[PDB]
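Numbering-wise, the deposited numbering puts 75 at position 33 of the sequence shown, and it's gapless, one number per residue.
All residues carry an ideal CB built from backbone N, CA and C; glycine is no exception.
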Amino acid sequence: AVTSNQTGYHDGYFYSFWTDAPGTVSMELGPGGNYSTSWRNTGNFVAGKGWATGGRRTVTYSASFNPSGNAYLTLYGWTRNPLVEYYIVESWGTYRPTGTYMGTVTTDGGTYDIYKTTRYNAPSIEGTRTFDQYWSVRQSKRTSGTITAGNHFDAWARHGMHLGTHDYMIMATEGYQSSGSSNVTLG
Ligand SMILES: *[C@H]1OC[C@@H](O[C@@H]2OC[C@@H](O)[C@H](O)[C@H]2O)[C@H](O)[C@H]1F
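In C-alpha cells form, the structure reads like this:
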C-alpha cells in the first residue's frame with residue numbers, strides 16, 4: 043500500500059497520494075488504470091491515478107464510492123502560473139461542495155454547477171500557498187461515465203476562471219474528517 047505522500051507511475055499511469063493525516067488512509071495501486079483507498083477517521087487526503095500532464099483529455103472511469111461521511115469522487119488537478127487547484131466532481135458524500143456560483147456547463151449527459159473558492163496558506167504542488175480552486179460539481183451523483191475535461195476548462199475560462207500551465211490530472215478520491223473506501227478504474 044501507499045500510506046505516505048508521493049507521486050510516480052504505476053502500470054503506465056501517473057498517480058499522486060497526499061494526506062495531512064499520515065496513518066489514517068491507505069491506497070492500493072491496482073492493474074492498469076485501477077486503484078483503491080481505505081480511510082478511517084482521516085484529516086484530509088487526495089489520492090488517484092491519471093496523468094503527469096493534464097489537458098483537454100476525455101476521462102473514462104467507473105467506481106465503487108458509497109461514502110458515509112464527507113468525501114468526493116472527482117477529476118482533480120493543478121495548473122501553475124496561475125497556481126490553481128481544480129475539480130470536476132462526479133459524486134460526493136454528506137457534503138456537496140459549493141462556492142461562489144458562476145453558472146453551469148452541460149456535458150457528458152449531465153449539467154454541472156461552476157464554483158470558485160480560494161484556499162489560504164494551504165498545501166499545494168508549490169508548497170504553502172494561497173490559490174483559487176475551480177469546481178464543476180455535477181447536479182446529481184454518478185459513479186461511472188466520461189468526463190470531457192476541456193468542456194469544463196473552456197466553460198470556466200468563459201466565466202473568467204483562468205487556468206495556467208497544466209501540472210497533474212488524476213481521477214481522485216478525496217476524504218475529509220470521515221471514514222470510507224473507494225475503488226476507481228480508469229478506462
Ligand atoms: C486540494 O486538495 C488537497 C491539497 O492538495 C495537495 O497539496 C499538496 C500537494 O503536494 C498534493 O499533490 C495535493 O494533492 C490542497 O491543499 C487542497 F486545496
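What are the start and end residues of the beta strand (DSSP E) that includes residue i?
i	result
residue 234	As shown, the chain starts at 43 and ends at 229. That puts residue 234 outside it, with no answer to give.
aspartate 155	152-164
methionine 144	142-149
For residue i, does the three-state DSSP call read helix, strand or coil?
i	result
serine 182	coil
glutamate 168	coil
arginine 98	coil
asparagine 123	coil
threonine 188	strand
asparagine 112	strand
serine 46	coil
In the DSSP output, what is residue i paired with across the bridge?
i	result
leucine 228	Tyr103
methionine 213	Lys91, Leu117
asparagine 86	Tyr218
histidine 208	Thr121
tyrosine 137	None; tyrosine 137 has no bridge partner.
Taking 7 angstroms as the threshold (C-beta atoms), are residue j and residue i in contact?
i	j	result
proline 109	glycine 135	yes
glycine 72	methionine 211	no
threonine 149	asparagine 86	no
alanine 89	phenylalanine 59	yes
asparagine 112	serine 221	no
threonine 153	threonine 160	no
- Message: Quick check for students: name the residue ranges of the alpha helix (DSSP H) that lie wholly in the region 49-84, counting only runs of 4 or more.
- Response: none
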